[PDB]
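Shown next, in structure tokens, is the structure this report addresses.
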Amino acid sequence: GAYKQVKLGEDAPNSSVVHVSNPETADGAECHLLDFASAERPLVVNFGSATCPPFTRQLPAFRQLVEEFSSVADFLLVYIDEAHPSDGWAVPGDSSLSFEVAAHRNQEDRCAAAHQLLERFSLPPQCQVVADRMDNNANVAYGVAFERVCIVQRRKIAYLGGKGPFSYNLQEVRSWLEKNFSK
């Protein structure tokens, strides 16, 4: 109504997004989040942007999850609005892991930033990538505060990272996957 609040167990919002080609569908094609979900296979959805350090710091660990589990689970990176958009002048005095991105003007800018991200962090095609639409519908529906992971299973939210200081933890996602595939 006036605000959204998603929780564990609820139906996963079928947000509108745009494909970002990640070759080994047409680049920029419109699609929906649940287009990437299949049978009882978990879909691990990782929301963030290049200027969000908690997100980029764990992108290598995300890549490893994709490598270890893509035969049994699907992976989707949803590129949202920049956490810390650049103004182009100030020089990060520390060498930083990720790269600067200015505030997106349009969908093309957001898709371009996702293309930059995929190259910088060596994400493989099995890590499917989309960009949120410019109305930020996926960001708002999934309650993302700069970065979040949601695992969708059987059309419902099976895992939803919390709001604590260290709630964004891809090794907790690893644990979920280990449990799901264990006897």
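Just remember, in the structure tokens the first chain shown is A, the second B, etc., residues are 1-based per chain, and ligands are 1-based in the order shown.
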
Write out as number ranges by chain all residues of range 16-121 of chain A that backbone DSSP assigns to strand (DSSP E).
A: 16-20, 30-32, 43-48, 74-79

Do you know which residues are at most 12 Å from residue 112 in chain A counting only C-alpha atoms, after dropping those on the same chain fewer than 4 positions away, and could you put them as a PDB file with C-alpha atoms, in the first residue's frame?
ATOM      1  CA  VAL A  18      16.345  -6.454 -18.070  1.00  0.00           C
ATOM      2  CA  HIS A  19      18.756  -9.109 -19.362  1.00  0.00           C
ATOM      3  CA  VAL A  20      22.488  -8.379 -19.368  1.00  0.00           C
ATOM      4  CA  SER A  21      24.304 -10.663 -21.792  1.00  0.00           C
ATOM      5  CA  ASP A  27      21.100  -8.139 -24.532  1.00  0.00           C
ATOM      6  CA  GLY A  28      18.675  -5.717 -22.930  1.00  0.00           C
ATOM      7  CA  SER A  49      25.877  -2.534  -7.402  1.00  0.00           C
ATOM      8  CA  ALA A  50      29.534  -1.918  -8.217  1.00  0.00           C
ATOM      9  CA  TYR A  79      22.112  -4.988 -10.636  1.00  0.00           C
ATOM     10  CA  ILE A  80      20.319  -2.161  -8.768  1.00  0.00           C
ATOM     11  CA  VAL A 101      30.067   4.400 -11.277  1.00  0.00           C
ATOM     12  CA  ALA A 102      28.137   7.657 -11.594  1.00  0.00           C
ATOM     13  CA  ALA A 103      24.419   7.806 -10.885  1.00  0.00           C
ATOM     14  CA  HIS A 104      22.542   6.011 -13.676  1.00  0.00           C
ATOM     15  CA  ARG A 105      20.715   8.337 -16.045  1.00  0.00           C
ATOM     16  CA  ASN A 106      18.739   5.599 -17.800  1.00  0.00           C
ATOM     17  CA  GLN A 107      18.480   1.838 -18.256  1.00  0.00           C
ATOM     18  CA  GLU A 108      21.421   1.762 -20.647  1.00  0.00           C
ATOM     19  CA  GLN A 116      31.516  -3.582 -16.258  1.00  0.00           C
ATOM     20  CA  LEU A 117      30.884  -5.599 -13.084  1.00  0.00           C
ATOM     21  CA  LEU A 118      30.839  -8.923 -14.875  1.00  0.00           C
ATOM     22  CA  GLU A 119      34.240  -8.243 -16.463  1.00  0.00           C
ATOM     23  CA  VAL A 129      22.723 -11.150 -14.778  1.00  0.00           C
ATOM     24  CA  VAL A 130      19.871  -8.683 -15.022  1.00  0.00           C
ATOM     25  CA  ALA A 131      19.448  -5.026 -14.246  1.00  0.00           C
TER      26      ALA A 131
END

Write down as a VMD selection string the residues of chain A whose backbone DSSP state falls under helix (DSSP H, G or I).
chain A and resid 33 to 36 53 to 57 59 to 69 107 to 120 137 to 141 170 to 181

Resulting file, chosen residues, N, CA and C atoms, as a short mmCIF file (atom, residue, chain, number, x, y, z; two decimals), in the first residue's frame:
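Now in part.cif:
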data_model
loop_
_atom_site.label_atom_id
_atom_site.label_comp_id
_atom_site.auth_asym_id
_atom_site.auth_seq_id
_atom_site.Cartn_x
_atom_site.Cartn_y
_atom_site.Cartn_z
N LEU A 33 11.88 -11.92 -12.94
CA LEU A 33 12.75 -12.68 -12.05
C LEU A 33 12.44 -14.17 -12.07
N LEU A 34 11.16 -14.55 -12.01
CA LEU A 34 10.83 -15.97 -11.94
C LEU A 34 11.02 -16.68 -13.26
N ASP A 35 11.31 -15.95 -14.34
CA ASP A 35 11.72 -16.63 -15.56
C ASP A 35 12.98 -17.45 -15.35
N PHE A 36 13.78 -17.11 -14.34
CA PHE A 36 15.05 -17.78 -14.08
C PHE A 36 14.93 -18.95 -13.12
N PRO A 53 30.48 -1.75 -1.35
CA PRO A 53 31.58 -2.63 -0.93
C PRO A 53 31.12 -3.95 -0.31
N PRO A 54 30.12 -4.00 0.57
CA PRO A 54 29.74 -5.32 1.08
C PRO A 54 29.41 -6.32 -0.03
N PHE A 55 28.73 -5.86 -1.08
CA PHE A 55 28.41 -6.68 -2.24
C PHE A 55 29.65 -7.07 -3.02
N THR A 56 30.47 -6.09 -3.43
CA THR A 56 31.59 -6.43 -4.32
C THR A 56 32.63 -7.26 -3.59
N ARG A 57 32.83 -7.02 -2.29
CA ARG A 57 33.76 -7.82 -1.52
C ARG A 57 33.46 -9.31 -1.57
N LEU A 59 31.73 -10.80 -4.17
CA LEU A 59 31.48 -11.31 -5.52
C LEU A 59 32.41 -12.49 -5.86
N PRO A 60 33.69 -12.51 -5.46
CA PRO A 60 34.46 -13.74 -5.72
C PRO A 60 33.86 -14.95 -5.04
N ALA A 61 33.37 -14.80 -3.81
CA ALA A 61 32.72 -15.90 -3.11
C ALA A 61 31.44 -16.28 -3.81
N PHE A 62 30.71 -15.32 -4.39
CA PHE A 62 29.54 -15.64 -5.20
C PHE A 62 29.92 -16.47 -6.43
N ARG A 63 30.97 -16.05 -7.12
CA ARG A 63 31.48 -16.79 -8.27
C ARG A 63 31.78 -18.23 -7.89
N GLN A 64 32.39 -18.43 -6.72
CA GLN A 64 32.68 -19.78 -6.26
C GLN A 64 31.42 -20.59 -6.02
N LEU A 65 30.40 -19.99 -5.42
CA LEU A 65 29.10 -20.68 -5.28
C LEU A 65 28.55 -21.13 -6.61
N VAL A 66 28.59 -20.25 -7.61
CA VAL A 66 28.12 -20.58 -8.96
C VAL A 66 28.92 -21.77 -9.47
N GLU A 67 30.23 -21.73 -9.32
CA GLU A 67 31.05 -22.83 -9.84
C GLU A 67 30.71 -24.14 -9.15
N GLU A 68 30.48 -24.12 -7.85
CA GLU A 68 30.29 -25.34 -7.09
C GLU A 68 28.89 -25.88 -7.19
N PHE A 69 27.88 -25.03 -7.42
CA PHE A 69 26.49 -25.45 -7.31
C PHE A 69 25.64 -25.25 -8.55
N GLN A 107 18.28 3.29 -18.33
CA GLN A 107 18.48 1.84 -18.26
C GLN A 107 19.79 1.42 -18.88
N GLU A 108 20.18 2.10 -19.96
CA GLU A 108 21.42 1.76 -20.65
C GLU A 108 22.61 1.93 -19.70
N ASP A 109 22.62 3.02 -18.93
CA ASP A 109 23.72 3.23 -17.98
C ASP A 109 23.79 2.10 -16.96
N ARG A 110 22.63 1.68 -16.46
CA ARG A 110 22.59 0.62 -15.45
C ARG A 110 23.07 -0.71 -16.04
N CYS A 111 22.62 -1.04 -17.24
CA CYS A 111 23.10 -2.23 -17.95
C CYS A 111 24.60 -2.14 -18.25
N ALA A 112 25.10 -0.96 -18.59
CA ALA A 112 26.52 -0.81 -18.82
C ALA A 112 27.32 -1.08 -17.57
N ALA A 113 26.84 -0.57 -16.43
CA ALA A 113 27.53 -0.82 -15.17
C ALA A 113 27.54 -2.32 -14.85
N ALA A 114 26.45 -3.04 -15.14
CA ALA A 114 26.42 -4.48 -14.92
C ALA A 114 27.43 -5.19 -15.83
N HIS A 115 27.54 -4.75 -17.08
CA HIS A 115 28.57 -5.29 -17.98
C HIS A 115 29.98 -5.05 -17.45
N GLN A 116 30.23 -3.87 -16.88
CA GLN A 116 31.52 -3.58 -16.26
C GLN A 116 31.77 -4.53 -15.10
N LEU A 117 30.76 -4.75 -14.26
CA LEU A 117 30.88 -5.60 -13.08
C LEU A 117 31.26 -7.01 -13.45
N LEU A 118 30.57 -7.56 -14.46
CA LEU A 118 30.84 -8.92 -14.87
C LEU A 118 32.27 -9.12 -15.32
N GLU A 119 32.85 -8.15 -16.03
CA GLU A 119 34.24 -8.24 -16.46
C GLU A 119 35.20 -8.09 -15.30
N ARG A 120 34.94 -7.13 -14.43
CA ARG A 120 35.86 -6.86 -13.34
C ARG A 120 36.01 -8.04 -12.41
N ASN A 137 11.76 -1.42 -9.23
CA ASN A 137 10.72 -2.30 -8.71
C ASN A 137 11.28 -3.52 -7.99
N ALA A 138 12.38 -4.12 -8.48
CA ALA A 138 12.90 -5.29 -7.75
C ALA A 138 13.51 -4.87 -6.41
N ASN A 139 14.26 -3.78 -6.41
CA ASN A 139 14.85 -3.23 -5.19
C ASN A 139 13.81 -3.01 -4.11
N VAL A 140 12.69 -2.37 -4.47
CA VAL A 140 11.68 -2.08 -3.46
C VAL A 140 10.97 -3.38 -3.04
N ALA A 141 10.68 -4.26 -3.99
CA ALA A 141 9.91 -5.46 -3.65
C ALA A 141 10.68 -6.38 -2.70
N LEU A 170 27.53 -14.64 2.30
CA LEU A 170 27.33 -15.67 1.29
C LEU A 170 27.72 -17.05 1.79
N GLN A 171 28.46 -17.14 2.90
CA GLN A 171 28.74 -18.46 3.49
C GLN A 171 27.51 -19.01 4.21
N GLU A 172 26.62 -18.15 4.69
CA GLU A 172 25.31 -18.62 5.14
C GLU A 172 24.48 -19.16 4.00
N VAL A 173 24.58 -18.53 2.83
CA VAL A 173 23.98 -19.09 1.62
C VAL A 173 24.58 -20.45 1.30
N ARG A 174 25.90 -20.58 1.40
CA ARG A 174 26.55 -21.90 1.26
C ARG A 174 25.91 -22.92 2.21
N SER A 175 25.75 -22.55 3.48
CA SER A 175 25.14 -23.47 4.45
C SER A 175 23.74 -23.88 4.03
N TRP A 176 22.94 -22.93 3.57
CA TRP A 176 21.60 -23.24 3.11
C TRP A 176 21.66 -24.26 1.98
N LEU A 177 22.55 -24.03 1.01
CA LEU A 177 22.66 -24.94 -0.11
C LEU A 177 23.11 -26.32 0.36
N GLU A 178 24.11 -26.39 1.25
CA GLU A 178 24.58 -27.67 1.80
C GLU A 178 23.44 -28.44 2.46
N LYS A 179 22.64 -27.74 3.24
CA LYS A 179 21.51 -28.38 3.89
C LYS A 179 20.48 -28.84 2.87
N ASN A 180 20.21 -28.02 1.87
CA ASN A 180 19.17 -28.35 0.92
C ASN A 180 19.52 -29.59 0.15
N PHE A 181 20.81 -29.80 -0.13
CA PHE A 181 21.26 -30.90 -0.96
C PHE A 181 21.79 -32.05 -0.13
#

Find, counting only C-alpha atoms, the residue in A:147, A:81, A:24, A:87 that gets nearest to residue 45 in chain A.
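Comparing A:147, A:81, A:24, A:87 against residue 45 in chain A, the winner is A:147.
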
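Distance annotation: of A:89, A:75, A:121, A:142, the residue with the minimal separation from residue 162 in chain A is A:142; atom set is only C-alpha atoms.
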
As a short mmCIF file (atom, residue, chain, number, x, y, z; two decimals) with C-alpha atoms, in the first residue's frame, please: the residues near residue 164 in chain A (cut-off 12 Å, only C-alpha atoms, same-chain neighbours under 5 positions excluded).
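Done, and the output landed in part_6.cif:
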data_model
loop_
_atom_site.label_atom_id
_atom_site.label_comp_id
_atom_site.auth_asym_id
_atom_site.auth_seq_id
_atom_site.Cartn_x
_atom_site.Cartn_y
_atom_site.Cartn_z
CA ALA A 145 19.26 -1.93 1.63
CA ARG A 148 20.81 -8.60 -0.11
CA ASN A 169 26.97 -13.46 4.35
#

With a distance cut-off of 8 Å and only C-alpha atoms, select the neighbouring residues of residue 7 in chain A, excluding the residue or stretch itself and same-chain residues fewer than 3 positions from it, and output the selection as an NGL selection string.
:A and (10 or 157 or 160)
